[PDB]
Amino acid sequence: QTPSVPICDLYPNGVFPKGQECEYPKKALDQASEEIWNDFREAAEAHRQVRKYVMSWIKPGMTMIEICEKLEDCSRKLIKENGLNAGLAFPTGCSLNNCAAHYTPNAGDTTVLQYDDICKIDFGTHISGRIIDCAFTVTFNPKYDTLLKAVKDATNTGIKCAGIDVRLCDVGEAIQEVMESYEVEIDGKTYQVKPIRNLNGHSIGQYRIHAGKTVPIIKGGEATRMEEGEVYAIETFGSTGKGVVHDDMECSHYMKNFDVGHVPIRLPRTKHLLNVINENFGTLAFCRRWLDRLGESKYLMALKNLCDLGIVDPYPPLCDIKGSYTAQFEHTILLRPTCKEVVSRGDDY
């Protein structure tokens, strides 16, 4: 690697590095899905190399647009983007401060990253719809160090507790216990770190970032169990605020409802936009910048139409109260028959 060389060109035999393998808190069965695990690994390796590169240049002074474009450019090159066979699984989240998730700049956003900002870089790659969903928090001021450590620890605790037959509610209880064991001091004020209760991890399906099961990050959830063969995004969020998020700011993220089938549309602009979405994203999430890049314009009303029709769903930024600070750490795990693989694990986090 120079990053510019596609992951597949770095591993000629098409065999990609495994992530961290763990015994749980069939070998034939495991091997029968090797092509699947392999695709996840190719996407995870791209994820590892992209984030390593990002960590080397992300600095206050850069615009959020500059950051996302530079990251996405690298991701496209390393994943060897190929329509729906290989590409970006979802938009680059770079949510700031009290905003925890689902913020990526739309065209014209002049927001500049600041020294005191706490930025959640949450981005995804896929090979054949096998998605790697993984994220980390970026800071420049050491005052947030303990908050970051709390969340990193909570995420690692959820990863450790996960396993075949494990009750999702137990994973959430564990995460909360660790998260809340931390106390931090920021600008002369102290806080007990709180998990964002209405935010959660979730199962992953083919071309489906949210397959239907959720991994709570607080006690009180469902006793539904994790199952052999499932794939999960284990993410946790810690906050100095209310520990609850609400929709806020302009929406940038959108995604077709996985269950909606074919819908004949005669309105020309709306029909065309749906065609563009089906061709380029299918059921994968996208953002407005990605429509712009494809040369689309005057699409906002068509997009609203699709949302109002329930064909597409909006995913607006999720933020805690003004003045609060939020952090995130996330990994994708495979519940293979023989072991638990933290496929996106790196030497970084």
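All residue numbers are counted from 1 along the displayed sequence.
Visitor: Would you mind checking whether any residues of the deposited sequence sit unmodelled between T2 and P3, and how many (none, 1 to 3, 4 to 9, 10 or more)?
Guide: Count of unmodelled residues in between: 1 to 3.
Visitor: Does the chain run continuously from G14 to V15, or are deposited residues unmodelled in between? Answer none, 1 to 3, 4 to 9, or 10 or more.
Guide: In the deposited sequence, nothing is left without coordinates between these two.
Visitor: Of 289 to 297 and 31 to 39, which one has the bigger average CA B-factor?
Guide: Comparing 31 to 39 with 289 to 297, the higher average CA B-factor belongs to 31 to 39.
Visitor: Is the mean CA B factor in the deposited entry higher across 280 to 288 or across 54 to 62?
Guide: Of 54 to 62 and 280 to 288, the stretch with the higher C-alpha B-factor average is 54 to 62.
Visitor: Whose CA atom has the top B-factor in the entry, of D109, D116, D133, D73?
Guide: Highest C-alpha B-factor among the listed options: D73.
Visitor: Name the residue from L96, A154, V138, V263 with the greatest C-alpha temperature factor listed in the entry.
Guide: Answer, based on the entry's C-alpha B-factors: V263.
Visitor: What third of the chain, by the recorded C-alpha B-factor, contains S239?
Guide: Lowest third, going by the recorded CA B-factors of the chain.
Visitor: Among the modelled residues of its chain, does the C-alpha B-factor of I217 lie in the lowest, middle or highest third?
Guide: Middle third of the chain for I217's C-alpha B-factor.
Visitor: Taking the chain's C-alpha temperature factors as the reference, tell me which third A150 falls into: lowest, middle or highest.
Guide: For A150, whose C-alpha B-factor we compare with every modelled residue in the chain, the answer is the lowest third.
Visitor: Ranked by Cα temperature factor within the chain, is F258 in the lowest third, the middle third or the highest third?
Guide: Tercile = highest for this residue's CA B-factor.
Visitor: By the record's CA B-factor, is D248 among the lowest, middle or highest third of residues in the chain?
Guide: As the PDB entry reports it, the C-alpha B-factor of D248 lands in the highest third of its chain.
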